[PDB]
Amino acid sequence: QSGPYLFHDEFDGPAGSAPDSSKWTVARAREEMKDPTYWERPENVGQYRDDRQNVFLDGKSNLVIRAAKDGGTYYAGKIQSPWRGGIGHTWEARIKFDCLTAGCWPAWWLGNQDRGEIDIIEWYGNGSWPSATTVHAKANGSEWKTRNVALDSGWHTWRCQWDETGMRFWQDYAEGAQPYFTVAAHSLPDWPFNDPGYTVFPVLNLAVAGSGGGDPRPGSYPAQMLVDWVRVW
């Protein structure tokens, strides 16, 4: 866990800095949702923009993703690395969720363009869905293994070891610790992760509204997610 790293960002630099553009691309728009339900409609959904008001470094070694209303619209943020990694590595981020409020939908996850998703941790502000770690096999998202995870606003590390045997997850890993969830390889239909050449990219985001965020009006904004580092080894 001390490296050397295949990929890392320590998010160091002065307050108000952009994240390192050699490691991240900042989202400029929320993913459009076909046949939107109420909180997914264009007029209700939270947006993403590359604006230092929403995605910036705090000068204390953290990425800040900040959700806030600006002229009738909630804006927040997402960063995704162009860097992709294959099977057989460990992926970890140190995160503080100061955004566990109605409407928010933060996540730390590993993505793929075509099939498969590893949601290392995610919280739902909609008032209905439980915070959880989830592995998805199908693009529809509709085949998954999930485990609910109790979340607070403290600092924690969130680790996924993704190797040929599957995925193992830890919160606040320390020597000898037991994963809180394990997903066996080949345990979902058309499991994609063991395919030769399959890769994932790291993503950090704080969304507002949409399906998972729901109504932000009961929430308290601005709200933030802090990330001290992402490390892959």
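Don't overthink the numbering: it's just position in the shown sequence, from 1.
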Quiz item: Mean C-alpha B-factor higher for 83-91, or for 68-76?
Solution: 68-76
Quiz prompt | Segment of higher mean CA temperature factor, 141-149 or 101-109 | solution = 141-149
Quiz prompt | Top Cα B factor in the deposited entry, candidates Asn205, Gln178, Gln171, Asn62 | solution = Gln178
Quiz item: Should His156 be placed in the lowest, middle or highest third of its chain by the C-alpha B factor in the entry?
Solution: middle
Practice problem: Select lowest, middle or highest to describe the third in which the CA B-factor of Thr134 falls within its chain in this entry. | Solution: lowest
Quiz item: Of the three thirds of its chain by CA temperature factor, lowest, middle or highest, which one includes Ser220?
Solution: highest
Exercise. Name the third of the chain's ranked CA B-factors that contains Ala29, choosing lowest, middle or highest.
Key: highest
Practice problem: Going by the recorded CA B-factors, say which third of the chain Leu57 sits in, lowest, middle or highest. | Solution: lowest
